Amino acid sequence: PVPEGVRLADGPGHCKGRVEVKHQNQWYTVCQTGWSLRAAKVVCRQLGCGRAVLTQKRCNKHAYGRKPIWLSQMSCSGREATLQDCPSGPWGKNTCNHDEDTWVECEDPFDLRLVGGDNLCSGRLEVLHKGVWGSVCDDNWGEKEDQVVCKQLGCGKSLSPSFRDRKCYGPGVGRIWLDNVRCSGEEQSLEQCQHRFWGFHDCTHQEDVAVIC
Amino acid sequence: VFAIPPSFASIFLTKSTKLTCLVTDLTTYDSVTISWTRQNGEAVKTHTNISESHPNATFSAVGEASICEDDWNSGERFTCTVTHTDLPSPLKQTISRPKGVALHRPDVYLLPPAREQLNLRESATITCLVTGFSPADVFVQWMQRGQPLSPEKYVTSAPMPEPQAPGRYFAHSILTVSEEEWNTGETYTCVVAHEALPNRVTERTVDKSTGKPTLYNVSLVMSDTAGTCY
Amino acid sequence: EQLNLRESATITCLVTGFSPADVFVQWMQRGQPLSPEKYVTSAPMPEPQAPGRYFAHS
Amino acid sequence: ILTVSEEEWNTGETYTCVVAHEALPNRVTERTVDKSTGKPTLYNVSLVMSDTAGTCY
Amino acid sequence: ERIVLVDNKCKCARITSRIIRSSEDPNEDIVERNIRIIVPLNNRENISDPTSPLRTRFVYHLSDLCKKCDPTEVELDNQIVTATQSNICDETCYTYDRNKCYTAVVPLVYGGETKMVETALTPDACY
Ligand SMILES: *[C@@H]1O[C@H](CO)[C@@H](O[C@@H]2O[C@H](CO)[C@@H](O)[C@H](O)[C@H]2NC(C)=O)[C@H](O)[C@H]1NC(C)=O
Ligand SMILES: *[C@@H]1O[C@H](CO)[C@@H](O)[C@H](O)[C@H]1NC(C)=O
Ligand SMILES: *[C@@H]1O[C@H](CO)[C@@H](O)[C@H](O)[C@H]1NC(C)=O
Ligand SMILES: [Ca+2]
Ligand SMILES: [Ca+2]
């Protein structure tokens, strides 16, 4: 029972689709009796595709064609990284129903691009929560946010500028994905900072923030 | 006899539409027919997915068929034929989705436990008052600190019609927590799922600190030079 | 919120912790009973933490 | 210094002074006064704290 | 232990709630509600229009302050769904907000150009 990889195919996206499984070149697919969201939280963690959103045990019309049902049973906690960290004891135990397949709609992961500037290390901030790129707001912006986003950018440390280059690097246009983002200084990236809900902003596009480092 | 439909509880929590009829052990039969037949006539195959485990327990099984298409949401005359040679009359049951029921959003009210109840210092009953929903089926789950509470902690009633309203229903959900949890100020959130809700789920939270206050202390600082808030 | 919406108020009687499942709940406004259409009482259901006690809300 | 008639000041009519200067951020700063703003002899504040006993999470 | 119930910086109302651990018995601990409201004595009715008349009546619907119309996420067994936190909603702004900078546009004439330049109604807000 070695799940090397669990690809997501037959779906609109790279990591939105049905769950497969790979062992010893045999591409196989997984049914499960207890197939919760935490299993998808594992599955879109070992692939590194965002947080897990939806986990449908949704059947389709029978002419799809499908691989057989994976031999072991996979029930675990969900806080772990890969499909090897939790046990898959009952090998050869196929107690799914007749013709069904699972489905995961985990998010595309957080790609963060500093746009509008001459270099990629200096520009207005733009983030990717959904498929649409969008800026973030400067409500209660702090130097902890600057050092967190520069740590995630992999581009050194902030210098805390005098706001003139940030106002000169562009107002931007589009949508504002984040407002009132608040980083504690220790988070690896911008998702793990406290913020208002994605896309719910009380600011216009004139308040798009820029981080210089 | 029973044929439990997928409600909005089974639709939303599990994301799997399972047609289920329960064949109680009236008499032991070898080839128990729990064949879930469509109005079209094709049968999505189910057989003994879980035993009934009734007090008699004489060859009783539950057949759950995953007709998970849009044909249930649109609607069809689905029939499981509980036809048996023992008691030779076929004790079948037919269930369909109820058609054209008007959709009104639930107004969800979270009632804190009574002051009379906390004086006993034994248990606190938090009431989730889901009322005003005209489609009958509703799913109510309690969470504390973002973790789903166990279903033995809370008990939710069947929806019954609201008295003054014509066809709108109401439901309760009584969460029985110990008094030392509620008096320390622990947030108990009522997650309720309904079709007529815009985001499909409403979360009311209650705790002692929000509650009903027993000492408002207001300070209307009328300052000339306020201008911007600080 | 119910009084804030200004169309309806629902006073809930929470009969809980009773062992035989035989409770009759009726409401009086000022000592005389309201009509049974105005209130609705749920059936006695098992209180889950207590072993055999029941509860009912009206 | 701006000289206006006396009944013009007592009927509201908020006068705004705008400046134009190099060191200013948007090059323009505006301040206003009227009868009720500049050194008034009356403060007609009518606070209405409605619905404070009603719902707040 | 003053948990911040609202921190509305547009009407300046701050509401904070605490359980005062007053007595030994855990019931008479008073749920204390601290409404702190700053009333701008000279701000106009429309803050973004500096020529607006003086704001005299300051009405604060405290239910409108305490509404939470940002949908939150909840974790179900099979799904993460956005969850509405109130039934109220489906803005006067007595005071300016510190984080928000408000600009008004004035008609500036020199030789009849009427170049409409935006001011800063709140300086040291977007500098
Ligand atoms: C408050 O004042 C602002 C600024 O004068 C008003 O905004 C302008 O309103 C006019 C008429 O509605 C529009 O033609 C302009 O395009 C607006 N400008 C801006 C920058 O928004 C606003 O309408 C006023 N609000 C109230 C309630 O009086
Ligand atoms: C004071 O405010 C009240 C509020 O309605 C208003 O009716 C009254 O005319 C005001 N009086 C003055 C002198 O501004
Ligand atoms: C309410 O009372 C507390 C004392 O417990 C005090 O510190 C606080 O300032 C009061 N609230 C306001 C708004 O003044
Ligand atoms: Ca904000
Ligand atoms: Ca801002």
# chains A, B, ... in the order shown; residues from 1 in each chain; ligands from 1

$ interface_residues --of "chain E" --to "chain D" --cutoff "9 Å" --atoms "only C-alpha atoms" --output "ChimeraX atom specification"
/E:5-6,39,41-43,50-68,104,106,108,117-121,123,127

$ residues_near_ligand --ligand "ligand 1" --cutoff "7 Å" --atoms "only C-alpha atoms and all ligand atoms" --output "number ranges by chain"
E: 46-49, 104

$ write_last_selection --atoms "N, CA and C atoms" --output "mmCIF file, in the first residue's frame"
data_model
loop_
_atom_site.group_PDB
_atom_site.id
_atom_site.type_symbol
_atom_site.label_atom_id
_atom_site.label_comp_id
_atom_site.auth_asym_id
_atom_site.auth_seq_id
_atom_site.Cartn_x
_atom_site.Cartn_y
_atom_site.Cartn_z
ATOM 1 N N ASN E 46 -22.194 65.204 5.398
ATOM 2 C CA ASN E 46 -21.432 64.424 4.435
ATOM 3 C C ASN E 46 -19.969 64.780 4.661
ATOM 4 N N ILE E 47 -19.164 63.800 5.090
ATOM 5 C CA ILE E 47 -17.773 64.100 5.424
ATOM 6 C C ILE E 47 -16.974 64.399 4.164
ATOM 7 N N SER E 48 -17.327 63.756 3.049
ATOM 8 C CA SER E 48 -16.599 63.946 1.803
ATOM 9 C C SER E 48 -16.955 65.251 1.113
ATOM 10 N N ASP E 49 -18.052 65.894 1.505
ATOM 11 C CA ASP E 49 -18.401 67.214 0.992
ATOM 12 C C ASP E 49 -18.148 68.227 2.095
ATOM 13 N N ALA E 104 -11.740 65.776 -1.641
ATOM 14 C CA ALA E 104 -12.767 66.580 -2.278
ATOM 15 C C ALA E 104 -12.114 67.362 -3.400
#

$ closest_residue --among "E:35, E:81, E:105, E:89" --to "chain A" --atoms "only C-alpha atoms"
E:81

$ residues_near_ligand --ligand "ligand 3" --cutoff "12 Å" --atoms "only C-alpha atoms and all ligand atoms" --output "number ranges by chain"
B: 215-221; E: 1-2, 4, 12-22, 30-38

$ write_last_selection --atoms "N, CA and C atoms" --output "compact mmCIF listing (two decimals), in the first residue's frame"
# COMPACT_ATOMS: atom_id res chain seq x y z
N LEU B 215 -25.03 45.15 32.39
CA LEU B 215 -24.48 46.45 32.81
C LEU B 215 -23.92 47.18 31.63
N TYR B 216 -24.72 47.93 30.88
CA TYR B 216 -24.16 48.72 29.79
C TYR B 216 -23.43 49.90 30.39
N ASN B 217 -22.16 50.09 30.02
CA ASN B 217 -21.50 51.34 30.40
C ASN B 217 -21.06 52.05 29.13
N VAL B 218 -21.76 53.12 28.86
CA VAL B 218 -21.62 53.88 27.63
C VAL B 218 -20.81 55.13 27.94
N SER B 219 -19.99 55.57 26.99
CA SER B 219 -19.25 56.82 27.15
C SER B 219 -19.30 57.56 25.82
N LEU B 220 -20.28 58.44 25.68
CA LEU B 220 -20.39 59.28 24.49
C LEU B 220 -19.44 60.46 24.64
N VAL B 221 -18.19 60.23 24.26
CA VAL B 221 -17.18 61.27 24.37
C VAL B 221 -17.42 62.28 23.25
N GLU E 1 -8.71 41.81 28.94
CA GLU E 1 -9.75 40.84 28.64
C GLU E 1 -10.94 41.51 27.96
N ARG E 2 -10.74 42.75 27.51
CA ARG E 2 -11.76 43.47 26.77
C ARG E 2 -11.76 42.91 25.36
N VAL E 4 -12.90 42.64 21.65
CA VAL E 4 -13.35 43.75 20.82
C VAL E 4 -14.55 43.26 20.01
N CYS E 12 -17.02 55.90 14.68
CA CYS E 12 -16.16 55.88 15.88
C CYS E 12 -16.68 55.04 17.04
N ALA E 13 -17.76 54.28 16.89
CA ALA E 13 -18.24 53.49 18.01
C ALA E 13 -17.37 52.26 18.20
N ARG E 14 -16.94 52.05 19.43
CA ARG E 14 -16.22 50.83 19.80
C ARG E 14 -17.04 50.17 20.89
N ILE E 15 -17.39 48.91 20.67
CA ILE E 15 -18.14 48.12 21.64
C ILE E 15 -17.23 46.99 22.09
N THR E 16 -17.05 46.85 23.39
CA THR E 16 -16.25 45.76 23.95
C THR E 16 -17.02 45.11 25.08
N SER E 17 -16.91 43.79 25.18
CA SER E 17 -17.65 43.01 26.15
C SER E 17 -16.70 42.17 26.99
N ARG E 18 -17.02 42.04 28.28
CA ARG E 18 -16.24 41.19 29.17
C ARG E 18 -17.15 40.59 30.23
N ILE E 19 -16.71 39.47 30.78
CA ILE E 19 -17.34 38.84 31.94
C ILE E 19 -16.55 39.27 33.16
N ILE E 20 -17.12 40.17 33.95
CA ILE E 20 -16.47 40.62 35.17
C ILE E 20 -16.58 39.51 36.21
N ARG E 21 -15.43 38.97 36.61
CA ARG E 21 -15.41 37.90 37.61
C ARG E 21 -15.62 38.52 38.99
N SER E 22 -16.89 38.81 39.28
CA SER E 22 -17.24 39.67 40.40
C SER E 22 -17.35 38.88 41.70
N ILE E 30 -21.27 39.73 35.83
CA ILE E 30 -22.06 40.62 34.99
C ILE E 30 -21.46 40.68 33.59
N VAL E 31 -22.31 40.49 32.59
CA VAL E 31 -21.91 40.67 31.20
C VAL E 31 -21.89 42.17 30.93
N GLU E 32 -20.70 42.74 30.82
CA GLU E 32 -20.54 44.19 30.75
C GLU E 32 -20.32 44.61 29.30
N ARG E 33 -21.07 45.61 28.85
CA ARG E 33 -21.03 46.08 27.48
C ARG E 33 -20.51 47.51 27.45
N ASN E 34 -19.33 47.72 26.87
CA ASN E 34 -18.65 49.01 26.89
C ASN E 34 -18.80 49.66 25.52
N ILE E 35 -19.85 50.46 25.36
CA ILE E 35 -20.01 51.23 24.13
C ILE E 35 -19.22 52.53 24.29
N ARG E 36 -18.22 52.74 23.44
CA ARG E 36 -17.42 53.96 23.47
C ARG E 36 -17.61 54.69 22.15
N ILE E 37 -18.28 55.84 22.20
CA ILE E 37 -18.70 56.55 21.01
C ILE E 37 -18.10 57.94 21.02
N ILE E 38 -17.36 58.28 19.97
CA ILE E 38 -16.75 59.59 19.83
C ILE E 38 -17.64 60.38 18.89

$ interface_residues --of "chain B" --to "chain A" --cutoff "7 Å" --atoms "only C-alpha atoms" --output "list in words"
residues 15, 16, 68 and 69 of chain B

$ write_last_selection --atoms "C-alpha atoms" --output "compact mmCIF listing (two decimals), in the first residue's frame"
# COMPACT_ATOMS: atom_id res chain seq x y z
CA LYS B 15 -22.42 15.49 -0.99
CA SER B 16 -23.89 12.14 -2.07
CA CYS B 68 -26.67 10.88 -7.60
CA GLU B 69 -27.63 12.51 -10.89

$ residues_around --residues "residue C:10" --least-positions-apart "2" --cutoff "12 Å" --atoms "only C-alpha atoms" --output "VMD selection string"
(chain B and resid 107 to 111 129 to 132 162 to 164 170 to 172) or (chain C and resid 1 to 3 5 to 8 12 to 13 38 to 40 57 to 58)

$ interface_residues --of "chain B" --to "chain E" --cutoff "7 Å" --atoms "only C-alpha atoms" --output "MDAnalysis selection string"
chainID B and resid 13:15 107 118:119 146 183 199 201:204 209:210 213:230

$ residues_around --residues "residue A:164" --least-positions-apart "6" --cutoff "12 Å" --atoms "only C-alpha atoms" --output "list in words"
residues 170, 209, 210, 211 and 212 of chain A; 25 of chain D; 126 and 127 of chain E

$ residues_around --residues "stretch 154-160 of chain B" --least-positions-apart "5" --cutoff "10 Å" --atoms "only C-alpha atoms" --output "ChimeraX atom specification"
/B:125-128,130-131,133-142,149,167-177 /C:40-49,55-57

$ write_last_selection --atoms "N, CA and C atoms" --output "short mmCIF file (atom, residue, chain, number, x, y, z; two decimals), in the first residue's frame"
data_model
loop_
_atom_site.label_atom_id
_atom_site.label_comp_id
_atom_site.auth_asym_id
_atom_site.auth_seq_id
_atom_site.Cartn_x
_atom_site.Cartn_y
_atom_site.Cartn_z
N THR B 125 -28.70 24.30 28.19
CA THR B 125 -29.33 23.92 26.93
C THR B 125 -29.39 25.14 26.03
N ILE B 126 -28.58 25.14 24.98
CA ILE B 126 -28.59 26.22 24.00
C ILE B 126 -29.55 25.84 22.88
N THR B 127 -30.43 26.76 22.52
CA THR B 127 -31.48 26.49 21.55
C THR B 127 -31.17 27.21 20.25
N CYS B 128 -31.09 26.46 19.15
CA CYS B 128 -30.99 27.04 17.82
C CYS B 128 -32.39 27.08 17.23
N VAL B 130 -34.21 27.65 14.33
CA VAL B 130 -34.33 27.74 12.89
C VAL B 130 -35.82 27.81 12.59
N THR B 131 -36.30 28.98 12.17
CA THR B 131 -37.71 29.17 11.88
C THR B 131 -37.88 29.99 10.61
N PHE B 133 -38.55 28.58 7.43
CA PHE B 133 -38.12 27.90 6.22
C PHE B 133 -39.29 27.11 5.65
N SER B 134 -39.68 27.43 4.42
CA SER B 134 -40.82 26.75 3.80
C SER B 134 -40.50 25.43 3.11
N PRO B 135 -39.34 25.22 2.47
CA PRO B 135 -38.95 23.83 2.20
C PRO B 135 -38.69 23.12 3.51
N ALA B 136 -39.15 21.86 3.58
CA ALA B 136 -39.26 21.20 4.88
C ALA B 136 -37.90 20.80 5.43
N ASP B 137 -37.02 20.30 4.58
CA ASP B 137 -35.77 19.69 5.03
C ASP B 137 -34.75 20.75 5.43
N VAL B 138 -34.10 20.53 6.57
CA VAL B 138 -33.08 21.44 7.08
C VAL B 138 -32.02 20.62 7.81
N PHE B 139 -30.78 21.10 7.73
CA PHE B 139 -29.62 20.46 8.36
C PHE B 139 -29.05 21.42 9.38
N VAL B 140 -28.97 21.00 10.64
CA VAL B 140 -28.45 21.84 11.71
C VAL B 140 -27.33 21.09 12.41
N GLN B 141 -26.14 21.69 12.44
CA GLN B 141 -25.00 21.11 13.13
C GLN B 141 -24.37 22.18 14.00
N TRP B 142 -23.95 21.79 15.20
CA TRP B 142 -23.31 22.69 16.14
C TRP B 142 -21.80 22.54 16.01
N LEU B 149 -19.08 19.47 16.64
CA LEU B 149 -19.44 18.78 17.87
C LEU B 149 -20.07 17.43 17.55
N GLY B 167 -47.25 27.85 5.53
CA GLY B 167 -46.55 26.62 5.22
C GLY B 167 -45.09 26.65 5.61
N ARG B 168 -44.65 27.77 6.17
CA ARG B 168 -43.29 27.89 6.66
C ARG B 168 -43.11 27.01 7.89
N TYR B 169 -41.94 26.39 8.00
CA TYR B 169 -41.67 25.47 9.10
C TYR B 169 -40.72 26.10 10.11
N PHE B 170 -40.61 25.44 11.26
CA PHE B 170 -39.65 25.80 12.29
C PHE B 170 -38.99 24.53 12.79
N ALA B 171 -37.79 24.67 13.33
CA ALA B 171 -37.07 23.55 13.91
C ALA B 171 -36.26 24.04 15.10
N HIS B 172 -36.01 23.14 16.03
CA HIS B 172 -35.18 23.42 17.19
C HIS B 172 -33.88 22.67 17.06
N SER B 173 -32.89 23.08 17.85
CA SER B 173 -31.70 22.27 18.07
C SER B 173 -31.20 22.59 19.47
N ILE B 174 -31.30 21.62 20.36
CA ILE B 174 -30.97 21.81 21.76
C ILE B 174 -29.61 21.18 22.01
N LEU B 175 -28.63 22.00 22.34
CA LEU B 175 -27.28 21.52 22.64
C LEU B 175 -27.14 21.50 24.15
N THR B 176 -26.90 20.32 24.71
CA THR B 176 -26.84 20.16 26.15
C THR B 176 -25.38 20.17 26.58
N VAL B 177 -24.90 21.33 27.00
CA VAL B 177 -23.54 21.49 27.48
C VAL B 177 -23.56 21.66 28.98
N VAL C 40 -47.30 25.62 19.10
CA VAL C 40 -47.06 24.25 18.65
C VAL C 40 -46.05 23.60 19.59
N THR C 41 -46.38 22.41 20.07
CA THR C 41 -45.54 21.65 20.98
C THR C 41 -44.97 20.45 20.25
N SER C 42 -43.66 20.30 20.28
CA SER C 42 -43.04 19.13 19.69
C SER C 42 -43.30 17.90 20.54
N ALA C 43 -43.16 16.73 19.93
CA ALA C 43 -43.32 15.48 20.65
C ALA C 43 -42.16 15.31 21.63
N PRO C 44 -42.37 14.59 22.73
CA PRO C 44 -41.27 14.30 23.65
C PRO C 44 -40.23 13.41 23.00
N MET C 45 -39.00 13.90 22.95
CA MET C 45 -37.89 13.21 22.32
C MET C 45 -36.86 12.89 23.39
N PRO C 46 -36.04 11.86 23.19
CA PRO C 46 -35.06 11.48 24.22
C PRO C 46 -33.97 12.52 24.40
N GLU C 47 -33.78 12.93 25.64
CA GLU C 47 -32.66 13.78 26.03
C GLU C 47 -31.40 12.93 25.87
N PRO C 48 -30.41 13.34 25.06
CA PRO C 48 -29.31 12.42 24.75
C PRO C 48 -28.33 12.14 25.88
N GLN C 49 -27.95 13.14 26.69
CA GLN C 49 -26.99 12.87 27.76
C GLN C 49 -27.61 12.09 28.91
N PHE C 55 -37.13 15.30 26.71
CA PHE C 55 -37.24 16.74 26.64
C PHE C 55 -38.27 17.09 25.58
N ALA C 56 -38.83 18.28 25.68
CA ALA C 56 -39.82 18.74 24.71
C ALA C 56 -39.82 20.25 24.69
N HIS C 57 -39.89 20.83 23.50
CA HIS C 57 -39.89 22.28 23.35
C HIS C 57 -41.17 22.71 22.67
#

$ residues_near_ligand --ligand "ligand 4" --cutoff "12 Å" --atoms "only C-alpha atoms and all ligand atoms" --output "MDAnalysis selection string"
(chainID A and resid 136:141 176:182 194:197 199:204 207) or (chainID E and resid 7:10 70 97:100)

$ atom_distance --atom1 "atom CA of residue A:17" --atom2 "atom CA of residue A:128"
19.9 Å

$ select_by_dssp --residues "chain D" --states "strand (DSSP E)" --output "ChimeraX atom specification"
/D:15-20,28-33,46-48

$ write_last_selection --atoms "N, CA, C and O atoms" --output "PDB file, in the first residue's frame"
ATOM      1  N   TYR D  15     -18.130  79.204   3.618  1.00  0.00           N
ATOM      2  CA  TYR D  15     -17.017  79.769   2.870  1.00  0.00           C
ATOM      3  C   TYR D  15     -15.808  78.858   2.990  1.00  0.00           C
ATOM      4  O   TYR D  15     -15.427  78.472   4.098  1.00  0.00           O
ATOM      5  N   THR D  16     -15.205  78.520   1.857  1.00  0.00           N
ATOM      6  CA  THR D  16     -14.052  77.637   1.832  1.00  0.00           C
ATOM      7  C   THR D  16     -12.839  78.425   1.372  1.00  0.00           C
ATOM      8  O   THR D  16     -12.892  79.100   0.340  1.00  0.00           O
ATOM      9  N   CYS D  17     -11.753  78.337   2.128  1.00  0.00           N
ATOM     10  CA  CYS D  17     -10.477  78.913   1.732  1.00  0.00           C
ATOM     11  C   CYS D  17      -9.607  77.806   1.164  1.00  0.00           C
ATOM     12  O   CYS D  17      -9.332  76.818   1.852  1.00  0.00           O
ATOM     13  N   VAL D  18      -9.176  77.962  -0.083  1.00  0.00           N
ATOM     14  CA  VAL D  18      -8.280  77.009  -0.723  1.00  0.00           C
ATOM     15  C   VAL D  18      -6.969  77.715  -1.033  1.00  0.00           C
ATOM     16  O   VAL D  18      -6.956  78.896  -1.403  1.00  0.00           O
ATOM     17  N   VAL D  19      -5.864  77.016  -0.814  1.00  0.00           N
ATOM     18  CA  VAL D  19      -4.536  77.548  -1.071  1.00  0.00           C
ATOM     19  C   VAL D  19      -3.892  76.727  -2.170  1.00  0.00           C
ATOM     20  O   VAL D  19      -4.273  75.582  -2.424  1.00  0.00           O
ATOM     21  N   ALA D  20      -2.920  77.328  -2.840  1.00  0.00           N
ATOM     22  CA  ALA D  20      -2.108  76.638  -3.825  1.00  0.00           C
ATOM     23  C   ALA D  20      -0.650  76.865  -3.476  1.00  0.00           C
ATOM     24  O   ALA D  20      -0.207  78.013  -3.378  1.00  0.00           O
ATOM     25  N   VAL D  28      -3.015  71.571  -2.901  1.00  0.00           N
ATOM     26  CA  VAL D  28      -4.242  72.288  -2.557  1.00  0.00           C
ATOM     27  C   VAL D  28      -4.704  71.824  -1.177  1.00  0.00           C
ATOM     28  O   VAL D  28      -4.777  70.621  -0.914  1.00  0.00           O
ATOM     29  N   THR D  29      -5.010  72.776  -0.289  1.00  0.00           N
ATOM     30  CA  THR D  29      -5.606  72.476   1.010  1.00  0.00           C
ATOM     31  C   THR D  29      -6.813  73.379   1.232  1.00  0.00           C
ATOM     32  O   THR D  29      -6.730  74.591   1.030  1.00  0.00           O
ATOM     33  N   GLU D  30      -7.932  72.780   1.640  1.00  0.00           N
ATOM     34  CA  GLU D  30      -9.195  73.479   1.813  1.00  0.00           C
ATOM     35  C   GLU D  30      -9.657  73.402   3.263  1.00  0.00           C
ATOM     36  O   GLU D  30      -9.639  72.326   3.868  1.00  0.00           O
ATOM     37  N   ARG D  31     -10.065  74.544   3.820  1.00  0.00           N
ATOM     38  CA  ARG D  31     -10.771  74.594   5.095  1.00  0.00           C
ATOM     39  C   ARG D  31     -12.042  75.405   4.922  1.00  0.00           C
ATOM     40  O   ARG D  31     -12.102  76.311   4.091  1.00  0.00           O
ATOM     41  N   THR D  32     -13.074  75.056   5.697  1.00  0.00           N
ATOM     42  CA  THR D  32     -14.382  75.695   5.615  1.00  0.00           C
ATOM     43  C   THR D  32     -14.806  76.204   6.984  1.00  0.00           C
ATOM     44  O   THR D  32     -14.451  75.622   8.010  1.00  0.00           O
ATOM     45  N   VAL D  33     -15.588  77.289   6.993  1.00  0.00           N
ATOM     46  CA  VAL D  33     -16.351  77.679   8.173  1.00  0.00           C
ATOM     47  C   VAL D  33     -17.738  78.107   7.725  1.00  0.00           C
ATOM     48  O   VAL D  33     -17.975  78.411   6.556  1.00  0.00           O
ATOM     49  N   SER D  46     -27.837  66.113  19.091  1.00  0.00           N
ATOM     50  CA  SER D  46     -28.970  65.270  19.460  1.00  0.00           C
ATOM     51  C   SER D  46     -28.569  63.819  19.230  1.00  0.00           C
ATOM     52  O   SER D  46     -28.806  63.267  18.155  1.00  0.00           O
ATOM     53  N   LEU D  47     -27.961  63.210  20.240  1.00  0.00           N
ATOM     54  CA  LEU D  47     -27.555  61.817  20.153  1.00  0.00           C
ATOM     55  C   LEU D  47     -28.767  60.899  20.213  1.00  0.00           C
ATOM     56  O   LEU D  47     -29.681  61.094  21.014  1.00  0.00           O
ATOM     57  N   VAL D  48     -28.785  59.902  19.332  1.00  0.00           N
ATOM     58  CA  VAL D  48     -29.812  58.867  19.376  1.00  0.00           C
ATOM     59  C   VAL D  48     -29.125  57.513  19.414  1.00  0.00           C
ATOM     60  O   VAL D  48     -28.744  56.971  18.372  1.00  0.00           O
TER      61      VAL D  48
END

$ residues_around --residues "residue B:64" --least-positions-apart "5" --cutoff "7 Å" --atoms "only C-alpha atoms" --output "PyMOL selection string"
chain B and resi 18-20+46+49

$ write_last_selection --atoms "C-alpha atoms" --output "mmCIF file, in the first residue's frame"
data_model
loop_
_atom_site.group_PDB
_atom_site.id
_atom_site.type_symbol
_atom_site.label_atom_id
_atom_site.label_comp_id
_atom_site.auth_asym_id
_atom_site.auth_seq_id
_atom_site.Cartn_x
_atom_site.Cartn_y
_atom_site.Cartn_z
ATOM 1 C CA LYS B 18 -28.428 8.096 -1.584
ATOM 2 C CA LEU B 19 -31.885 6.606 -2.122
ATOM 3 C CA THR B 20 -32.593 4.417 0.891
ATOM 4 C CA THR B 46 -28.010 -1.803 -4.044
ATOM 5 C CA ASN B 49 -25.059 -2.040 2.537
#

$ select_by_dssp --residues "chain C" --states "alpha helix (DSSP H)" --output "list in words"
residues 2, 3, 4 and 5 of chain C

$ atom_distance --atom1 "atom CA of residue E:112" --atom2 "atom CA of residue D:21"
18.6 Å

$ closest_residue --among "A:150, A:183, A:142, A:192" --to "ligand 5" --atoms "only C-alpha atoms and all ligand atoms"
A:142
